[PDB]
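Considered here are two forms of the same protein chain, supplied as structure tokens in two stand-alone entries, structure 1 and structure 2.
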Structure 1
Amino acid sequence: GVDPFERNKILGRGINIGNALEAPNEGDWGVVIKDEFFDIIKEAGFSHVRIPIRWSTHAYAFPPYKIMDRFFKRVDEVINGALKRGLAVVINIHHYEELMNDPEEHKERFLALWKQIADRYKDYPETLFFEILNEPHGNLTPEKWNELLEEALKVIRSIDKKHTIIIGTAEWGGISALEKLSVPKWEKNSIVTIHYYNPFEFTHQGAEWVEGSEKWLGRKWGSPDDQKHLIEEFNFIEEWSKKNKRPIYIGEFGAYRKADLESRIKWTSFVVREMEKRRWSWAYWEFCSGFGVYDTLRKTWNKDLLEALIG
């Protein structure tokens, strides 16, 4: 009889170790998760780490869709590395693109991946959280996601009743389809996650993977209007949280390094203040890459950005 709001409180402040295991091969996008990263993160004050994992590229495409031994092993090493420092850990299925493009064709493989993950970690500590699917979008519409997520809940709950499950929104995981999200009433131990990157043109200016983002380079953030618009979107998330009685986790939020530094600090610091006012848990995107707050080579945090997060 777990209290999902207490689990959310336990999750608390976190950071994403991105551009690592969610790439095709860990290291491909710049980050290889070193076990030493966990000492660095816990010592700076964080409560948890979120670990994006592209399981779909490390499991057979044919039944029984088995996850490859070596990769499962690597994920184990990362999860335990985090747990050894007393960090809570969030794992998910990240970048399963074929599922987004043809959900019915991939549904059973997707559900088979969760049966295997749950099976593997059902006895791990209460501080391990299962995030169903990162940023549903495309043909996996909001309407479809409500049914798919319930099917995922069922496979997981038939194996594990101890761990809190984290459920995102469709249309890329932001607030645009929050209004359409429904979590089944029978499920009692889940947190709803939203990725907050608004204004998108500010946070993703110049991101090489976003078509036409170059046009937003130079954009700043910090006006009272900028702040009021953010407050109104958080008030929208919050009233939805109260009407649906589900805890809130802002699983990603961050501004790309190409954005001018002062704006990045102001935006990050304001978002943190406003999420804390609402008692939400959250995870900064991300630890040491294109949106990084820690330089792993020089072994140094951007102190002001870290201040924004933990201060």
Structure 2
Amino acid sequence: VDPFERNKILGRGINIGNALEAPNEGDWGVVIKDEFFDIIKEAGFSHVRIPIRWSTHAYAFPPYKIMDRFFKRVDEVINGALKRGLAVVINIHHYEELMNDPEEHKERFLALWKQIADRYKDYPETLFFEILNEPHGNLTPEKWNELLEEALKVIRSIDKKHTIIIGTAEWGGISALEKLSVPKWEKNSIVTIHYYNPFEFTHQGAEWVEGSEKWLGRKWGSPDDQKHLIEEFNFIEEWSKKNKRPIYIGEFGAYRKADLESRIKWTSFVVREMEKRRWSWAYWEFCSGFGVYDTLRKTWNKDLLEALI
């Protein structure tokens, strides 16, 4: 299998967030309606990324069994998307104890991946396995290198067909990319990066971010703006060429509080620069605080959808 061809198949996408990665689906404002897949496919997207919180739906002690009821729900989400001809990225996302206590939670994490790989091993090749969303905290770059290799071994003992998606430590951005090590023996993986630069721009006024109001009225689109973003993407590209790993920008987006123009400029510029590099990508996110589709009103944000598609 050619991971670069798989990365093309992945192509352009959107996160369905604040859904299955909450403690329970619906706790953070989104429930994944089957209808979403028609809406997303009709808009021109190639895939969906489904953040999933397995840790709150599995037993705490060995054999760490994932609940039947939750597996059936995930089946339903995956198959709903596949049915529209969309590719699907599933992950483990918000395993909070793992980030803080990797030494204890490694065993449970790997048992989760054994179960997941086993259940979906015969699913279409348009399903992608993303090991872990944004490794951070006590799960350092070195420890992530250790964990991801063990995850690869566990998954590969079960499934050698599906493409695996591997993120970076220190919250999944470009800072820890140079530290990232993918075993040479693994030949069907895509590296994922989450891009929100400039952070002060994209997160201006972000309520969950400390002192973010200091950045309100921040604009983007200037020409140093463009030089810098191009430079940061050149770094990613270079690493990609040197290591021969395809790239997936699994998350990117600018908060609402950002002005709609600069928002448009930033979004359309990021998109065009990613597509120059043949990178797959997923906008964060479908319908929440960074949402481009209002689910109550059933309307797309036309300006932003145009920037994306």
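Throughout, rigid core stands for the largest set of C-alpha atoms superposing within 1.5 Å between the two forms. Along the sequence of structure 1, residues get numbers from 1 upward.
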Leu149: Cα shift between structures 1 and 2 after core superposition, Å, came to 0.2
Quick one: how many Å does the C-alpha of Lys215 shift between structures 1 and 2 once the rigid core is superposed? 2.4
Using a rigid core superposition, the C-alpha offset of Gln205 between structures 1 and 2 in Å is 1.9
